């Protein structure tokens, strides 16, 4: 018997699933608590949906619990059994009262009704509501593909909500989509249709977050980020939440403590607003998976606003602060999951007692090519395509990971002819944002759109070129898609691309284990998805 079963991220054991201990570090019991949190949440999804159907209101506070639950179960997000158990209790209470409000409490699934307050009971319930619970291969593949897509969506929705932006149609769809993954009467065609609709709402979440980020901190602009370090003690902030960064910087003003970014917080450097704080140093390190090394050589406090957090080493566990839905037993947690005021004076005091950062690289990188910035260079990018200056755009956005086969992406980018342009977003950029690919007619051969949620800009840019060149099919543009994925956020980006009609997508370093043969077949026949081989072989085939 398996102590657990999880295959939501690309590093899943044998690309089949984790049964004893997650490669990520997630323990059997933590994964069980996560399986219960999802079940009762979907259960809460059905209740909130029935209420809206009866014409009744559902306070937004409910939409926040749902998103918080989902996000907390994303890879490298929360490993704290105490916070998961309590969130399971919170969800049981919440759904128990919303359901009291219904008029016709009929047909409510088990997930909607079941409840427990004792951790031991939650672990038993989990043992029968996890993945395996769905027998039929094709319907399981689709139910979990949507659920993961819904995890990524929720995360983007929460960051938009943290900035005060939220749409009722988004929260309503999410909650209804979750309720449908428990419906035994949905055909496979229904689930395929729901997979595409999810992708659609995927585009909405990213568009909602794009607006929230840009509206509060300005449109990203061409920026030069220093990757070297200073001499003052500092705090390294990681993740994707920009709100926490505004508070951290306002509060670190005048204390002598500098602020650095890590992994997916690099893009914050691209915003005009944050450029007004003198103590906002550079971006330290690379993708998340090198944090055991980089968090250590940074010497100062490390703030994790979201995933990806790798189980800490004792050498720096004491200076690791989590916040929002992030969590690790033994690591100090700063309360706040809705952009409310956060008190970072403890982490700022802690930094004054730490050695300044130990430099590991010097120089700088260019970035800030989001939709608003590239559209302003449109005519210039278009004259380059027309003249043959830029023979091909290569989208390599996505998420990075530990797999050493990912050296592929570094060789791919390194081997591309010098008349091509790489478009990136997401921490997958680290595999090649530190090389020297030069430029084409003054346009960098690596255009960083931003975070993974900024794949949205790459999408906008493409639709724009299709309009300009008056093409009927977006796929007729000189764009090759060589995307890398890791967790559920990369999975909602993919479904967004599929809903937008983008085809010929190459996914790697491997294809999701939760994609069953027949389901994988449809992706191949309808959107022509493919995997990768050698960088030299694909540099020939892909073109």
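Positions refer to the first chain, counted from 1.
On average the C-alpha atoms of 353-361 have higher B-factors than those of the other stretch, with 353-361 and 159-167 being the two compared. Once the C-alpha B-factors are averaged per stretch, 302-310 and 276-284 rank with 276-284 first. Out of 118, 244, 183, 97, the entry records its largest CA B-factor for 97. Comparing C-alpha B-factors across 368, 388, 130, 415 in the deposited entry, the largest value falls on 130.
Per-chain ranking of the deposited C-alpha B factor places residue 148 in the lowest third. Among all modelled residues in this chain, the alpha-carbon of residue 135 has a temperature factor (C-alpha) in the highest third. Among the modelled residues of the chain, residue 292 sits in the middle third by CA temperature factor in this PDB entry. Sort the chain's modelled residues by C-alpha temperature factor and residue 87 lands in the lowest third, per the entry. Per-chain ranking of the deposited C-alpha B factor places residue 520 in the middle third.
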